[PDB]
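Within every chain, numbering begins at 1; the chains are lettered A, B, ... in the order of the sequence lines, protein sequences first and strands thereafter.
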Number of protein chains: 2
Amino acid sequence: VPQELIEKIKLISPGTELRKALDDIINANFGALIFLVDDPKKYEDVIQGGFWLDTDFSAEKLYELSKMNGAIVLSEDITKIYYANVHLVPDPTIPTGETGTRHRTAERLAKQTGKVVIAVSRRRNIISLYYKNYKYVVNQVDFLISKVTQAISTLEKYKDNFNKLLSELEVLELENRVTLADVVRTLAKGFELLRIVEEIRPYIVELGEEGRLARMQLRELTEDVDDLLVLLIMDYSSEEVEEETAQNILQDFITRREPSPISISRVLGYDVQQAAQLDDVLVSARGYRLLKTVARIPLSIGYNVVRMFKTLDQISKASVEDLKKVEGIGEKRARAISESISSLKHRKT
Amino acid sequence: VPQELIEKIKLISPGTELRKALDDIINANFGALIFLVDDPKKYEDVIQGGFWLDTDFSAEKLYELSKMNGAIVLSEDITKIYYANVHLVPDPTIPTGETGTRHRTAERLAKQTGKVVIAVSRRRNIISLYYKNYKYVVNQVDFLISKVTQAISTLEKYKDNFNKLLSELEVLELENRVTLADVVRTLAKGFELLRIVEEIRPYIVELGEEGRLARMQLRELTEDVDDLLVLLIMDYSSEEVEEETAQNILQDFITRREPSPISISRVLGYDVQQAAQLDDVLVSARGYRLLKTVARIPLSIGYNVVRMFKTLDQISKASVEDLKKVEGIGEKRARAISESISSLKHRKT
Ligand SMILES: Nc1ncnc2c1ncn2[C@@H]1O[C@@H]2COP(=O)(O)O[C@H]3[C@@H](O)[C@H](n4cnc5c(N)ncnc54)O[C@@H]3COP(=O)(O)O[C@H]2[C@H]1O
């Protein structure tokens with residue numbers, strides 16, 4: 001959905017005065033047909049009759065005028081009302097898929113002029129926005145909130161299972177018994193969780209001001225999942241992987257490819273041909289996830305720790321003195337790394 | 001009913017574009033509140049909000065605008081629409097006996113400004129016009145046609161009875177056997193008939209263009225009745241009476257006085273006070289009616305004929321040469337007088 005169209009959709013999103021007027025208009029079962037132009041006298045050929053108003057916009061003015069027959073003409077920034085009660089006469093030969101004079105008009109005029117045209121039929125409660133060759137249906141808030149509330153509830157469940165996989169993996173990681181299946185299983189759930197966020201995003205945008213709470217909820221639920229999945233990819237890919245590449249992996253399984261077990265492992269660099277093989281492939285975390293997340297070591301410095309000790313298992317055996325020999329590890333980072341690991345080994349294993 | 005107000009009623013009479021709009025508005029159960037001014041600027045303190053239109057009037061435009069809440073402001077000549085959807089704010093302390101905000105505003109505003117205000121409420125089908133301290137309710141054509149059609153039917157019955165009275169009177173006149181009762185009975189019926197005409201006149205006016213057939217019917221039924229009654233009065237009053245005098249006696253009995261038998265015969269100059277006396281009072285026509293109406297002798301000249309012969313009976317005895325002595329009677333008018341009376345005597349008596 002092009003950014004160009006999204007800007008226009010904002011014009012009629014909950015919170016704006018225009019949308020507040022359309023809401024009333026929908027509720028009164030008036031229809032509406034609204035033409036958005038900045039230079040009215042250039043569109044003189046497609047606007048016939050009606051009254052020339054040239055007055056400052058308000059929701060209540062628009063509502064009142066919509067009681068009259070025909071169409072309304074506003075400025076593109078919704079600051080002026082230019083015409084009311086007009087007859088819009090776009091070229092009849094422009095192809096249209098719409099039904100009814102109102103919507104067929106809106107589409108043809110939108111195509112003819114490159115401007116926004118808004119149509120509301122008298123008995124339906126949707127707002128149809130036409131821009132160029134685009135058509136976007138904007139839904140009522142109760143409909144959007146229902147989908148979003150379900151989507152969030154769905155996310156809670158994915159997120160709970162992600163947490164349970166993660167904490168199981170944590171244990172395996174600290175005991176160096178991780179198989180590729182555990183890794184892939186965790187990544188896949190994380191991927192799916194983030195896909196859901198991607199799918200619900202348009203509804204949330206569409207909700208405008210009424211989606212503030214929903215955004216906070218998605219934020220709380222997913223706030224560090226992406227960074228976590230990036231560090232998992234860096235800890236378990238077959239060949240060393242820069243952060244940027246790991247993020248591109250994440251981005252791939254969120255959008256382009258489908259997060260299937262075999263596919264994820266293949267992208268991680270493992271020549272596998274069947275899911276049952278994943279349980280036999282032993283792997284060891286390099287230690288980035290633990291070093292960044294728990295020891296608060298910046299990734300830049302993380303690499304230096306890994307280049308030296310290669311795996312988390314070795315890092316967990318290093319003395320403070322050993323760890324200080326790494327570039328970037330003073331006495332505090334050294335004890336942060338060593339105590340955070342021994343603390344986790346004690347508590348979790 | 002002041003002529004000032006009658007000019008305003010014309011504005012909304014059948015046939016005008018304004019009335020046409022108002023009929024549509026009544027038909028659609030929209031309401032209306034309309035304010036007629038010549039300089040909107042002068043009245044900007046009683047006009048709040050709404051839309052400045054400043055566009056040419058049409059019925060369709062007024063109809064469309066009336067779909068909106070509030071009031072409409074037109075020029076007094078009903079050639080411009082100035083405002084729509086406005087809030088009218090006349091002085092709340094001005095007395096009014098109207099009901100509901102719409103009609104209380106209308107009457108206060110008209111009183112305050114000296115202008116016309118029109119109110120139509122949504123559920124009734126009347127147009128209320130307010131001018132200064134005047135209120136005039138204008139009716140639908142179908143209500144008016146009903147009363148007028150009845151009035152006409154009533155006039156037909158009065159006119160037939162009048163013709164019967166007259167034809168009997170004629171016979172009596174020609175045989176010189178008329179009594180006061182016969183005259184008074186005929187005048188009374190004539191007076192009552194023209195009263196009915198006077199009373200239905202306001203209905204006729206309210207009908208405007210739709211009153212055209214009604215006016216034609218009145219004209220045909222009453223064509224010569226006034227002249228006829230004037231001539232009767234000149235012929236039968238106690239002492240001789242000038243035409244314009246008799247015209248006033250007609251005016252009196254049509255408008256201000258009741259055409260009771262004693263009242264009529266008293267003002268004709270007879271000293272009776274009991275209705276039964278009229279049968280015993282013998283009268284003889286001067287001859288004006290027969291002279292003007294049948295012999296086609298102009299009143300100015302008939303005076304001289306009555307001057308000389310005094311009564312119809314004596315005129316009917318005069319020979320052509322006898323008549324020719326009168327100032328104005330040549331052989332043409334002399335044979336006209338002579339032959340038309342004798343012709344009448346032959347056929348009627
Ligand atoms: N060229 C045509 N061809 C075939 N049928 C025609 C027609 N024009 C009108 N009709 C019929 O007349 C109905 C009444 O239109 P109305 O002007 O009162 O009310 C219109 C009008 O206010 C608005 N509308 C539709 N097209 C418009 C346009 N090009 N410009 C301004 N307003 C339009 O939508 C309202 C509902 O129109 P709706 O189609 O449901 O209903 C239309 C349609 O059924």
Distance-only donor-acceptor pairs under 3.5 Å across chain B and chain A:
| unit_1 | atom_1 | unit_2 | atom_2 | d |
| --- | --- | --- | --- | --- |
| B/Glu64 | OE2 | A/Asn69 | N | 2.8 |
| B/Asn69 | N | A/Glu64 | OE2 | 2.8 |

* Quick one: ring-ring contact (aromatic ring centres under 6.0 Å, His included) partners of B/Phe191, sequence neighbours excluded? ->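 B/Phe191 satisfies ring-ring contact (aromatic ring centres under 6.0 Å, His included) with B/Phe253 only.
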
* Side chain, backbone, both or neither of A/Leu65 within contact of chain B (heavy atoms, under 4.5 Å) ->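 Both parts, heavy atoms under 4.5 Å.
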
* Can you list the residues that meet the side chain to side chain contact (heavy atoms under 4.5 Å, CB included) rule with A/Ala151, with sequence neighbours excluded? ->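 Listed in chain order: A/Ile200.
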
